[PDB]
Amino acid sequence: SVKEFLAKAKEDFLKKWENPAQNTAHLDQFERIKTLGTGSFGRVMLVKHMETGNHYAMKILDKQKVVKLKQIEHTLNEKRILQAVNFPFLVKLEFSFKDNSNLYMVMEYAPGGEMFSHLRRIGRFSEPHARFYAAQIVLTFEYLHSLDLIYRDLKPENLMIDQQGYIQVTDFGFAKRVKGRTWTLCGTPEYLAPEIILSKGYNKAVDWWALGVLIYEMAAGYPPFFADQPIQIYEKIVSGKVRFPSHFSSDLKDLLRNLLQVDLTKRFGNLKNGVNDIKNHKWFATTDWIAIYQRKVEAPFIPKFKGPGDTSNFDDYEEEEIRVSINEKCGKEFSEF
């Protein structure tokens, strides 16, 4: 069963969890080609492993900047969780290392760009399209939650499309292995669940609220709570007032009403039956889950990639050179990295 697979998968995760991999490369093994993306904490560069000739995405965290934004424990969770995990819709971490100035996470390059890029251009996805993606995120959270992991930053900007047109969840910067509750205010304003903003202390259920936001945005072209500045967004979320486009199927409206339930005792994903209330929902009736997991479903959108190392599905960013100090900067703080 699914229950048997998750058990095997937990053991694999624990062995890597207790004994994490470390210093398995350095900078000069890599050709820096182009910046693929940027964030609040780090930048990602397309890179080339010079001995194998493979292309990878390398995330660069500037140690000092990590310390000034109070993300040390978060950055240590990111590397440890990511090197331990193994699912078909999670990016693979191949190498990690550090030097005097920075922390590096070389990852599987995903040539299709972000879901964000395509969703904004096209405007919105058809329901069947959104469903293809939703299902994959549903299975990915089932896996992550069974390992006591919360993800905490689901957004189109962290969902890469691979060559097969499938999802690779990237960015485990707020990932955290927790049994019981957690209180850190983090995520992305539009995707924040009401518990986070209200400082209640929260659990896995915030990922399922985030899935309901994602589905709404994929299917509508816009998030269910937007405004010009974050405080107005937080206002609408807590208000627990959503309006649906008239072109949403009744089934979709119904899925979403349970996922965007402000009352986290009645929110799908957090009930007795757990993730099955979502999987056996009317909206997912056509979805063959095992097929989705095996990647033997026909993707409705395969991005165009003219050869390897093509970056035409990513925006252009301003480049910055990688400066490494002669002196080690925050050595004690990142010793386990």
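Don't overthink the numbering: it's just position in the shown sequence, from 1.
- Higher mean CA temperature factor, per the PDB entry, when comparing 34 to 42 with 56 to 64: 34 to 42.
- Look at the mean CA B-factor for 243 to 251 and for 170 to 178 in the entry; the higher one is 243 to 251.
- Highest C-alpha temperature factor among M115, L264, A135, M107 per the entry: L264.
- For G201, the recorded CA temperature factor ranks within the middle third of the chain's modelled residues.
- Ranked by Cα temperature factor within the chain, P230 sits in the highest third according to the deposited record.
- Annotation for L69: C-alpha temperature factor in the lowest third relative to the rest of the modelled chain, per the entry.
- In the deposited entry, the Cα temperature factor of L149 places it in the lowest third of its chain's modelled residues.
- Looking at the C-alpha B-factors along this chain, the one for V238 belongs to the highest third.
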